[PDB]
Amino acid sequence: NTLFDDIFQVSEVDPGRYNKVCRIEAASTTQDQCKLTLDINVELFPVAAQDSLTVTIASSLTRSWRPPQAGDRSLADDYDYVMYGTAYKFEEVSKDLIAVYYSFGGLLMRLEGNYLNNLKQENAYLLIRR
Amino acid sequence: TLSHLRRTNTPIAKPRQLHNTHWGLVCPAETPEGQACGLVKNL
Amino acid sequence: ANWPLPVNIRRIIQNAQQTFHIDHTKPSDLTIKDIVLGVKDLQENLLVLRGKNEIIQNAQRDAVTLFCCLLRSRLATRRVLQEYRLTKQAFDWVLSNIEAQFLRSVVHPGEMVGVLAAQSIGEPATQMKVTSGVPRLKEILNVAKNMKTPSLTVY
Amino acid sequence: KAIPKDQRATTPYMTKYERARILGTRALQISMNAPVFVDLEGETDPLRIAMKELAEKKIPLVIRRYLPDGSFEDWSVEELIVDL
Amino acid sequence: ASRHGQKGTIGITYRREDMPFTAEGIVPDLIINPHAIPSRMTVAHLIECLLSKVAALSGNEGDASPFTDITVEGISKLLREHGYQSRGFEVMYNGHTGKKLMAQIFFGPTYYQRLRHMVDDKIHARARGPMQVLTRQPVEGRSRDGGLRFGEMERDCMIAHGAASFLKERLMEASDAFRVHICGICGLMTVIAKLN
Amino acid sequence: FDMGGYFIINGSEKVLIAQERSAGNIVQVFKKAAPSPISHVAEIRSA
Amino acid sequence: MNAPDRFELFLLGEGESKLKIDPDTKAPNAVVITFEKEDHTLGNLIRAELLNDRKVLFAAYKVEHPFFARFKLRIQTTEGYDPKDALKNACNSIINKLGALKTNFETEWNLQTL
Amino acid sequence: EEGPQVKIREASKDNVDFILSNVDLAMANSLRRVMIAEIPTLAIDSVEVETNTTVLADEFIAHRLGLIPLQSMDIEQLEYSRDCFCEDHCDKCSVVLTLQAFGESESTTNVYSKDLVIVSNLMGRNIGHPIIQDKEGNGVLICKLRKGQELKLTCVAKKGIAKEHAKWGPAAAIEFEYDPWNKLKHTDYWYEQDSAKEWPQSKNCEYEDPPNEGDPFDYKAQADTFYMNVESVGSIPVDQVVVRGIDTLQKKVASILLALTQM
Amino acid sequence: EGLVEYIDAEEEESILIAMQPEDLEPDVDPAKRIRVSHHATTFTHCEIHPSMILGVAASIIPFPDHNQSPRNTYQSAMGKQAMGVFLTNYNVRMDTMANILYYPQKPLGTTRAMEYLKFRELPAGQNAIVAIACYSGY
Amino acid sequence: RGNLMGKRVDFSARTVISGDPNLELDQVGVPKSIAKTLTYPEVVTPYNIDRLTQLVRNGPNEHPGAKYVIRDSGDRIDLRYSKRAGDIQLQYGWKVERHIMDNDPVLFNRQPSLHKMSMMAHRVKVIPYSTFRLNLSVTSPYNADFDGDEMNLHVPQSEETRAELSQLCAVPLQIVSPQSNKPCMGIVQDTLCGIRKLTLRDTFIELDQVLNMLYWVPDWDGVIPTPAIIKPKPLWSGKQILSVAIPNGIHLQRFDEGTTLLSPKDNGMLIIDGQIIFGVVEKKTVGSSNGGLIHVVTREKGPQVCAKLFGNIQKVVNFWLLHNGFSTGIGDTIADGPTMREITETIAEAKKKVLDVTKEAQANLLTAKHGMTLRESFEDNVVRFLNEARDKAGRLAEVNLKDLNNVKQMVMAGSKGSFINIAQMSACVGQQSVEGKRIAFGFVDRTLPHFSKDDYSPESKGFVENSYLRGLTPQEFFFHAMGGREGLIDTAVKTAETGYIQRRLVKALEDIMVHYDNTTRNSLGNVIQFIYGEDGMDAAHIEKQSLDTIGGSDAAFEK
Amino acid sequence: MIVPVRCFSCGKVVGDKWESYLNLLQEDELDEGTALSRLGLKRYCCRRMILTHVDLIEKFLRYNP
Amino acid sequence: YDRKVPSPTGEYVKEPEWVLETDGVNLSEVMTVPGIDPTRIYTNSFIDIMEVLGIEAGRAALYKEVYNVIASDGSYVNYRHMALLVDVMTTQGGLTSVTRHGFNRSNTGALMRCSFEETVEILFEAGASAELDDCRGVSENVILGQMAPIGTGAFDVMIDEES
RNA sequence: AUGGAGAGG
Ligand SMILES: [Mg+2]
Ligand SMILES: [Zn+2]
Ligand SMILES: [Zn+2]
Ligand SMILES: [Zn+2]
């Protein structure tokens, strides 16, 4: 099923000598002890400043990648920007602060929270809408 | 042919180095490589 | 700290926490005796020379001293149990693999290393305020009575 | 004189030179149609057959390792460890 | 070789289809690697390419005289006046697929000169051939159908490798090999070996 | 276009390369090495 | 000297067939077909027309060496769908498109001047 | 019709400038490749030199003789010399044309392509005739003769493919451009200051709409609109060049399909 | 008429040579090269042209002042190995070996020194449409 | 020395070399004619009697064929002249001299042979054209380019010696060299610049091209990797598709500068389980370094897997670069206006400083440094100032360059380029030097007749303000010519002296090896080292590791 | 030698344009650019083929044999 | 000179001292001067080190110098090779040069030493002194055209009935 | 065969 779900507020956008991928820095609008850094393909899904994106972590929607057929098969998303990556590091800042590191084909991601079912697994479907 | 008809040979302190007095008399670039470098010069 | 040593240990360690898929939230099924006596018996099998007399044994321990230092530094009980948390099977596999790679890293008898050394020194010399480089090397090899730049470094 | 089967201080592992020598000699024997002691299983190349015959330790050769003093230690191919 | 010490041999030959092509349909008669530029610092190669391009378009004779005030800026301006990229770059298409190339290519006329050395005049091979009369070793020279000298350094290499049998083979079966008879007393080649 | 300046020996075109030498009848002083007893030498090649 | 003949780029040799269909042992229900005496001109087109079929999982071509005029084409389709049929359908699609294109160009040319 | 579309912009005896609509990149590029190489053409393949007392060498002349553009209108009802059962060459596969020249006047007696005289039987087929787009009517200049210099030889032209040799090339340079505004972003433009001011503007930009800065990148876009300009050497008419190209590609595809039927 | 003198090095030791004839007369373009202002006055001789310091094989090099000197040397040593028309009467001479280029061409980028070397009349190479690019990797 | 220590041999060849991205590392492109010329004797056995019969039936001129047939009596049958070259009944025990065929072990060598890597055993692949063809990752231990280079190839004549070549002199074995305890082979040129251009985070590859690259890998499992981007367009990344070439179980970790497990500048290098996690792949990774990827793969998976890795990486990267494109023009040697202005004023203030120091020294106010002359201190100051000027202008030009600058890209990739190249092509080529000193006075109290006597100004003593882009002045050109001349001279002298010295070293350490007691001795039994390398380890199987016991405080150590 | 029959790069015929080029040069007193432009040599490769060429056959015909 | 020195707290910390460089060498009297550390004093002349401090110190100094020359160009050669060279240069008891005056005066085989530098005179004096050749040298078996007892040829292969 | 010149990495 679903592993994580939260709404973040884009606080910073950084095009570090790039033109297709910009590193984003957002914070949770629910938890004051939660933050997120995430590389985003702006050329596909543009992310301006002061935006409120809906972020979700899933494990499904291994075998070879078959053709899309979204209007034929179970897409299980209807989001705007979906990626697939792999967790590679579980960092513990404090006992009440746990950070995780995902890697989406080079597009890295650092999610700092507290309360998680995010285990070290190839399964990492990051779904973002609005 | 032109190059070979204007050649300078030198038998035997630093006779291989391009001396300052070679200005306007000897070509600075045109010289054999490997062995007889600097010794064999062109006008 | 960084020095050329025969067997790599870090790559073996990170190959143990992958081949066995160990989680970092589970107590190790090891014992103090297992780790301590295990590593202490691991150094016994690291043979370079294989004589039975005292001299050969001394030369042996002297030959494997540094790598034994590295081994003890990397396979300390604290480090083994806390830094990466290795299980029993994983630890034994690490020991066996280290011993194997050590026996592989031994120079093979018959190795013409004289010519190999001469080539290993002569070859980079082709790619070359005191005197340095080729002329200095020439001075060194010729053992020159008079060197072009004699120096006295006094502390 | 010689050296007894016990108290042999030489490396129990077969060196690369010893391996290349054994494989070479055996492949030479096979190249001159010598009796094969292993199942060919499709292999016809004398070198490859020698390798497969080495992996099964079906090679009846021996190695006389010379010591610089003049002594020598004997190591059968069946006894030598091939870790390379 | 070009005219700036940029020498090199032909790696391969491609037909006009496999060759990359500009929008004008022009295909390069020659393709050189950029890596042969920064390490050797032959800027005048690029400059003479630009100048030859402008002189080609304008139909004039490009002045590549040594000490003149003709700068890359002026040439670039003259090139831009003809409707091309001032820095000589051209958007080309991959001949195999027809798809555009991400990076543009420095494309233009350059005076190249076919040198003296050619492969068919260099290629040599001898399995066995004529020997010398004194040393009974393979003769010297490609024109004499000779063999290559297994120099001392090569011997050193084969020593380093440890291939003793190979070293013996090169110095016996490959080159010269003689069967001699030796006396068991004096130990010299005095023996009058009356065979048969 | 042939500029000449060469000889013809047995059908073979030969060329005499200019031979460089030190100008004679010129007085030159040279500082001698340290192990040498003499310090300076003023020489001249007479032709 | 050692250069091969020019007709070896379009004329088949002795015993050489045009197509060599081999069962791909990598993934199930796949095929590798060896095209002889053909280059990118055909391979790129066929491969591009094999990706238009939505019942085709994989489709790629490659020329293992520019010296020899030949290329391999790996195709993988869904279960119950033989890849040869996909190849034939793609080919016929190509033929139809080319025919229509020819007709259109002819009808266009029949309205021009000078 | 129903599929791909053509929009002829310019047309002449030597050039055809048109827009190709509703087509895949691979098909257009393959069409280009076929138009460049795989179109059958007639050109001099054999040269029998009798007397050659001119400046130029024998095969030096044979080269430019082979490079001469010959008529290839009815080349399709001609046959390959490798397919015909005749010994060497005949009239059903090859076209024989002689060349006889000799210096007469004190001035330099030029030798062009107009001096080539068709000898073999054409039997109705429009073929072998050297293309002369020259104003004076001379054509391709073979060589130059002095006062007492003579050139006597016999040329044998055979059916060949430009893939075998560039002399059988029916076309010169084919202009090819898609997406003049780089809206597909297949090209990362190099620049120093401004990427637009430095790079010139293509002619094909007048037929498409300029991108708006208020619009994001169209990632679902493909290459549909193409701009081509095919130039003929003279051997085969431009329209016939592209038509024979299409038919050639179609024919080899049909040959592969035929092989599929055979296996 | 006492307009040009013959000067050897020994006499060159005691004169002041002007590099350009414009260095006798007493805002700028950043593109051009930086040249040192003439701080000398008592000139006795002026250089004909600075491009005369080069030789025959080195005068064929386009923009030799924009290259590294050993590259100019390499080109000077490889210019003697290029094929072309070495003599017009090549067809009546019995040389042991001779190579003549099929279609020689006079370079698009020439030198004012090439005029006297007759290189545009007897060239040794062709202007090839070159492309600096990474293609097949061959 | 000429007939015994090194004599000419049979069964050899020599040809001009060239590269081939589609050849394997342990392969060599051998021309067909050479394949027909060189021969190997093969004894007729029941295993190969058919193939040998076919080879004899083909004879010479047609490869694969044979040259001679040796019988029991020892009579040599010449197949090209024999009346019975069509009817031969090969008896068991007969020798057949067949042509060199594919997958045959030959010895590839290039002079000068400096080390054991100069002679390596390759597998033969018969190809058209008259050129020896080799991989681009074998060009470094051979030290060779393609500017008319020629190489030699030798052919073994028995089974034991071809085994000796295949088991000792084999190229995959010679990957990790016992010289600098590091791999002597790596990815270079277009493959390096390409693998740099591919692993960029902006580099995204769509479906079709990804499929092609995937099929370009011979060791591809046939499984399409799940794309990094799912919606809106299914896109892959360069890192993702490059991971296909990397075998499983490969773990690489390297931190460079500000690498904090997130890499804001996408630096460093993290690869997990044969899958690159993050970092731009270039010379520090895919190159021939100590802790490089090649060393790891070789020491982990083996030599064969490493050579096959060379193959895969080369094929994929060259394929992507083929349809991407990369170039270099004069535009990549041009800096901005204000940049060139700052460079010019930098050189100006430099010459101004030199002027101040000069006038100071001429006023006898200069105080000599302890242990050197006033004049020496002056020259040192001027030279140092001019060097600092060239470096200042050079960095000023390097900062101005963009990331799209092709030359700068080749510098970043590590393919070919450096800082000084940028500095000289665009900014300033700097001060010329002869015999350690600046251009001396060839003439009396002056360097050239165009200057006045006693002119120690920079532009006189051999300083060049202009870059290669702007063009050098006559004086500057002549001085630079002097410098380059000295360069060539001392280069020739260098390689000569190095040659002789190398010979001496070889002849000195000739009869030295390790016996079966790990005792490094000679021909007299004299012990050089009781234990070889003072530890008994081979230089090949040795990696630089960190001893984390010697560093840190006692508090951290105890903790 | 003599004017090349066709351009190397593309393959356009340029053999019948030499005498016309000379006529456009000396008779009409035009520059090389306009002369090459009127001959339909738009691409600078074909333009090169004539602009770069040197007719050496004229010097060759001077000999009697 | 800057220097890494163990701090009393533990970690190595940069502590910069003053070092006197010197043109001129006479180690025999400089080290005996009161004021400096006579245990760290060093010269680039290993020939003086060999005379003053011993043959082992000369060994270490020689290796230090060679390694310094190699690393001066930014290159890197493993320890065992250069150590082997220095060892073979120092095992005779003194500093043996790599020339005809040095190692070529050894008690090795005549054929081995005749294959380098002075050939004829060596053969002459060997023929005069009547020297026995061990024939276990590389170049010697090379001349004899035999499989030299090096590498693969270091041992022998026989057969023992185990079938 | 000896001897010599030039060139290639
Ligand atoms: Mg080279
Ligand atoms: Zn006797
Ligand atoms: Zn016929
Ligand atoms: Zn053209």
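Along each chain, numbering proceeds from 1 in written sequence order. Entry numbering may differ, and residues lacking coordinates are not shown. Here every chain gets a letter starting at A, and every ligand a number starting at 1, in the order they are written. Values throughout apply to the part shown, which belongs to a larger assembly of chains. The side-chain numbers reported here are obtained from all heavy atoms of the structure, hydrogens and water having been left aside.

Regarding how it was determined, this PDB entry cites X-ray crystallography in its header, along with a resolution of 3.600 Å.

Trainee: I'd like a rundown of the coordination of the zinc ion (ligand 3), residues and numbers included.
Mentor: Reference values for angles at a metal are 109.5 degrees in the four-donor tetrahedral case and 90 or 180 degrees in the six-donor octahedral case. Residue and element names in this part refer to chain H. Distances from the zinc ion (ligand 3) to its protein donors, namely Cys84 (SG), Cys86 (SG), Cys90 (SG) and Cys93 (SG), fall within the range 2.3 to 2.5 Å. Donor residues binding the zinc ion (ligand 3) come from one chain and are separated in sequence as C-x1-C-x3-C-x2-C. Under the relative-accessibility criterion, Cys86 is labelled partly exposed at 23%. Keep in mind that water is not among the atoms, so a site may look incomplete; donors are the N, O and S atoms within 2.8 Å of the metal, or 3.2 Å for Na, K and Ca. In this scheme, a residue with accessible area under 20% of its type's maximum is buried, one over 50% is exposed, and one in between is partly exposed, where area comes from a 1.4 Å probe on protein chains only.

Trainee: Describe the sheet that holds strand 2 (residues 41-42) of chain B, with residues and values.
Mentor: By definition, two strands form a pair when at least two bridges between them are found by DSSP. Numbering of helices and strands runs from the N terminus; a helix is a DSSP stretch of H or I covering at least four residues, while a strand is a stretch of E covering at least two. Read across the sheet, 3 strands follow the order 2(B)-1(B)-3(F) without closing on themselves; strand pairing throughout is mixed. The outermost strands of the open sheet, each flanked by one partner alone, are strand 2 of chain B together with strand 3 (18-19) of chain F. The pairing of strand 1 (residues 7-9) of chain B with strand 2 of chain B spans 2 bridges and is antiparallel. Each bridged residue has a counterpart across the sheet, and for B:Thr8 the counterpart in strand 2 of chain B is B:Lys41.

Trainee: Tell me about the interface of chain E and chain J, and name the residues and values.
Mentor: Listed as interface residues are 75 residues of chain E and, on the opposing side, 91 residues of chain J. Note on definitions: buried area is the accessible-area loss of two parts on being combined, 1.4 Å probe, summed for both. Of the roughly 7,300 Å² buried where chain E meets chain J, counting both sides, 59% is carbon and sulfur surface. Ranking the residues of chain E by area buried against chain J places E:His35, E:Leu148 and E:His161 at the top, with a combined share of 11%. Just to be clear on terms, a salt bridge is a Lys or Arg side-chain nitrogen sitting within 4 Å of an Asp or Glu carboxyl oxygen. The tally of links from chain E across to chain J stands at 9 salt bridges. For J:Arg503, the salt bridge identified is with E:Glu152, shortest N-O distance 2.7 Å. Taken together, the elements giving at least two residues each to the side of chain E that touches chain J come down to helix 1 (43-58), helix 2 (72-80), strand 6 (105-112), strand 7 (124-126), strand 8 (148-149), helix 3 (152-161) and helix 4 (164-174) of chain E. Ranked by residue count, the leading element in the side of chain E that touches chain J is helix 3 of chain E, at 9 residues. We call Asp, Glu, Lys and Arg charged. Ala, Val, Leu, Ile, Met, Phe, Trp, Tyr, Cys and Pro are nonpolar, and the rest, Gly among them, are polar. The class makeup of the residues in the side of chain E that touches chain J is 35 nonpolar, 21 polar and 19 charged. In what follows, a contact means two residues having at least one pair of non-hydrogen atoms within 4.5 Å.

Trainee: I'd like a description of the protein's contact with RNA strand M, backed by residues and values.
Mentor: Each residue is tested against the molecule or strand, and it is near if at least one of its non-hydrogen atoms lies within 4 Å. The full set of residues close to RNA strand M is B:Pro32, B:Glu33, E:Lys7, E:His117, I:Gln81, J:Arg110, J:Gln111, J:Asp145, J:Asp147 and J:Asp149. Protein-adjacent atoms of RNA strand M, using a 4 Å cutoff, are sugar or phosphate at a proportion of 96%. A distance of 3.0 Å is found between a phosphate oxygen of RNA strand M and a side-chain nitrogen or oxygen belonging to E:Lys7. Any pair of nitrogen or oxygen atoms within 3.5 Å is treated as a polar contact; in protein, a donor-acceptor pairing is required on top of that, and neighbouring residues in sequence qualify only through side-chain atoms on both sides. At a separation of 3.5 Å, a base nitrogen of RNA strand M approaches a polar backbone atom of J:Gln111. Taken together, the residues of the surface near RNA strand M sort by class into 1 nonpolar, 3 polar and 6 charged.

Trainee: Residues and numbers for the pairing of strand 2 (residues 15-21) of chain H, please.
Mentor: Residues and elements named next belong to chain H. Burial runs high along strand 2: 5 of the 7 residues are buried. Relative to strand 2, strand 1 (residues 5-11) runs antiparallel, the two sharing 6 bridges. Residue pairing for strand 2: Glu10 is matched across the bridge by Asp17. Counted between consecutive antiparallel strands, the loop separating strand 1 from strand 2 contains 3 residues. For strand 2 and strand 10 (residues 226-231), the ladder comprises 6 bridges, and the chain directions are antiparallel. What sits directly across from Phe18, in strand 10, is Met228.

Trainee: Tell me about the coordination of the magnesium ion (ligand 1), and please be specific about residues and values.
Mentor: Residue and element names in this part refer to chain J. The protein atoms donating to the magnesium ion (ligand 1) are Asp145 (OD), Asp147 (OD), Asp147 (OD) and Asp149 (OD), with metal-donor distances spanning 2.2 to 2.7 Å. Between the donor residues of the magnesium ion (ligand 1), the gaps in sequence give the motif D-x1-D-x1-D. By relative accessible area, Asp145 is classed as partly exposed at 35%. Overall, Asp149 belongs to the buried group, its relative accessible area being 11%.

Trainee: Can you tell me about a negative patch on the surface, naming the residues and giving the values?
Mentor: Each patch groups residues whose relative accessible area exceeds 30% and which form no salt bridge, using 9 Å between like charges and 5 Å between nonpolar side chains of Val, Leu, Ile, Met, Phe, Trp and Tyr. Only the protein chains shown count as covering a residue, and every accessible area follows the Shrake-Rupley method with a 1.4 Å probe. Only four residue types enter the tally: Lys and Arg on the positive side, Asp and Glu on the negative side; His and the chain ends are excluded. By convention, the point assigned to a charge is CZ for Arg, NZ for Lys, CD for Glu and CG for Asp. On the surface, D:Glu78, L:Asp160, L:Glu161 and L:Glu162 cluster together to form a negatively charged patch. Inspection of the secondary structure assignment puts L:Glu161 in the segment after strand 4 (156-159). Of the residues examined, L:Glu161 reaches a relative accessible area of 82% and is grouped as exposed.

Trainee: I'd like to hear about the pattern of salt bridges, residue by residue, with values.
Mentor: Tallied over the entire structure, the rule returns 113 salt bridges over all chains. One salt bridge in this structure joins H:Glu192 and E:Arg87, with 2.5 Å as the shortest N-O distance. Of this pair, H:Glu192 sits in the loop between strand 9 (175-178) and helix 3 (195-198) while E:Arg87 sits in the loop between helix 2 and strand 4 (89-90), placing the two residues on different chains. For E:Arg126, the salt bridge identified is with J:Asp10, shortest N-O distance 2.8 Å. Placement of the pair is E:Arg126 in strand 7 and J:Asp10 in the loop between strand 1 (8-9) and strand 2 (12-19), with the two residues belonging to separate chains. E:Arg126 gets classed as buried once you look at its relative accessible area, which sits at 1%. Here the salt bridges do not stand alone but share partners, grouping E:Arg15, E:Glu17, E:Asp18, G:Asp39, H:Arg33 and H:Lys163 into one network.

Trainee: Outline the packing of helix 8 (residues 113-122) of chain C against helix 14 (residues 474-508) of chain J, supporting the account with residue identities and numerical values.
Mentor: The axes used here are C-alpha line fits, helices contributing only the stretch in contact, and every angle between their N-to-C directions lies in the interval 0 to 180 degrees. Following both chains from N to C, one finds helix 8 of chain C and helix 14 of chain J inclined at 160°, their axes separated by 8 Å at the closest point. In terms of orientation, helix 8 of chain C lies roughly antiparallel with respect to helix 14 of chain J. When the axes of helix 8 of chain C and helix 14 of chain J are compared, the crossing they make is right-handed. Residues C:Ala118, C:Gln119, C:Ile121 and C:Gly122 of helix 8 of chain C lie in contact with helix 14 of chain J, whose contacting residues are J:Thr498, J:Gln502, J:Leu505 and J:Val506. Residue composition of the contact of helix 8 of chain C with helix 14 of chain J, by class: 4 nonpolar, 4 polar and no charged. When an angle is under 35 degrees it counts as roughly parallel; over 145 it counts as roughly antiparallel; between 65 and 115 it counts as roughly perpendicular; any other value is oblique. By convention the crossing between two helices is left-handed if the near helix lies anticlockwise of the far one by an angle smaller than a right angle, and right-handed if it lies clockwise.

Trainee: Describe in detail the packing of helix 1 (residues 40-50) of chain G against helix 2 (residues 83-109) of chain G, supporting the description with residues and values.
Mentor: Geometry of a packed helix pair, given as the angle between the helix axes and the separation of the axes. Residue and element names in this part refer to chain G. In contact at an axis separation of 9 Å, helix 1 and helix 2 are set at 110° when each is read in the N-to-C sense. When the axis of helix 1 is compared with that of helix 2, the two are roughly perpendicular. Here helix 1 contributes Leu45, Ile46, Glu49 and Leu50 to the contact with helix 2, which in turn contributes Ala86, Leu87, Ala90, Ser93, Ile94 and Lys97. Considered class by class, the residues forming the contact of helix 1 with helix 2 number 7 nonpolar, 1 polar and 2 charged.

Trainee: If you had to explain helix 1 of chain E to someone new, which residues and values would you point to?
Mentor: All names here are of chain E. Residue count minus one, scaled by 1.5 Å, sets the expected span of a helix. If you check helix 1, its first and last C-alpha atoms are 23 Å apart, about what 16 residues at 1.5 Å a residue would give, namely 22 Å. Burial within helix 1 is extensive, with 15 of its 16 residues counted as buried. Count one or two residues on from helix 1 and you reach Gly59, which has phi positive near 75°.

Trainee: Describe a nonpolar patch on the surface, with residues and values.
Mentor: Residue and element names in this part refer to chain E. Together, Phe178, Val180, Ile182 and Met189 give the surface a local cluster of nonpolar side chains, amounting to about 480 Å² of exposed area. Following the sequence through the fold, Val180 ends up in the segment after helix 4. Given the relative accessible area of 42%, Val180 is considered partly exposed.

Trainee: Can you tell me about the arrangement of the chains, naming the residues and giving the values?
Mentor: There are 31 pairs of chains in contact here; the most contacts are made by chains E and J. Nothing in chain B touches chain G; the tightest C-alpha to C-alpha distance between them is still 31 Å. Across all C-alpha pairs, the smallest distance from chain C to chain H is 37 Å, and the two are not in contact.

Trainee: Tell me about helix 8 (residues 303-322) of chain J, residues and numbers included.
Mentor: Between its first and last C-alpha, helix 8 of chain J extends 28 Å over 20 residues, near the 28 Å set by a 1.5 Å rise per residue. Most of helix 8 of chain J sits inside the fold, with 16 of its 20 residues counted as buried.

Trainee: Quick one: what's the story with the side chain of A:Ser28, residue by residue and with numbers?
Mentor: Residues and elements named next belong to chain A. The topology assignment puts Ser28 in strand 2 (residues 21-28). By relative accessible area, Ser28 is classed as buried at 11%. Engagement of the side chain of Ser28 in a polar contact is seen with the backbone nitrogen of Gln31, the distance being 3.3 Å. Not counting the four nearest positions on each side in its chain, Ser28 is found in contact with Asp6, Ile7, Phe8 and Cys34.

Trainee: Go over the nonpolar core with me, naming the residues and quoting the values.
Mentor: By nonpolar core we mean a set of buried residues, namely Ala, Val, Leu, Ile, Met, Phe, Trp, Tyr and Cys, connected to one another through side-chain atoms within 4.5 Å. Counting 104 residues, the largest nonpolar core has H:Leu56 and J:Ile330 as the members making the most contacts within it. Per-element accounting of this core gives the leading share, 10 residues, to helix 1 of chain E. Counting 80 residues, the second-largest nonpolar core is a separate cluster that includes A:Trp65, J:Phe108, J:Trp216 and J:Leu309.

Trainee: Explain the packing of aromatic side chains to me, and be specific about the residues and the numbers.
Mentor: What characterises a pair of aromatic rings is the spacing of the ring centres plus the angle enclosed by the ring planes. Only centres within 6.5 Å qualify two rings of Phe, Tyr or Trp (six-membered ring in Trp) as a pair; their planes then separate them into stacked at under 30 degrees, edge-to-face at over 60, and tilted for everything else. Counted by the stated rule, this structure contains 45 aromatic pairs over all chains. Each ring, one from I:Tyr90 and one from K:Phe60, has its centre 5.4 Å from the other, and the planes form 70°; the classification is edge-to-face. With I:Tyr90 in the loop between helix 2 (69-78) and strand 3 (109-110) and K:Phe60 in helix 4 (residues 57-60), this residue pair bridges two chains. No difference in accessibility class separates I:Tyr90 from K:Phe60, as the two residues are buried. A centroid spacing of 5.7 Å and a plane angle of 15° characterise the contact between L:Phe103 and L:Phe116, whose relative ring orientation is stacked. Linking L:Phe103 in the loop between helix 4 (79-90) and helix 5 (110-114) with L:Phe116 in the loop between helix 5 and helix 6 (120-129), this pair joins segments that are 13 residues apart in sequence.

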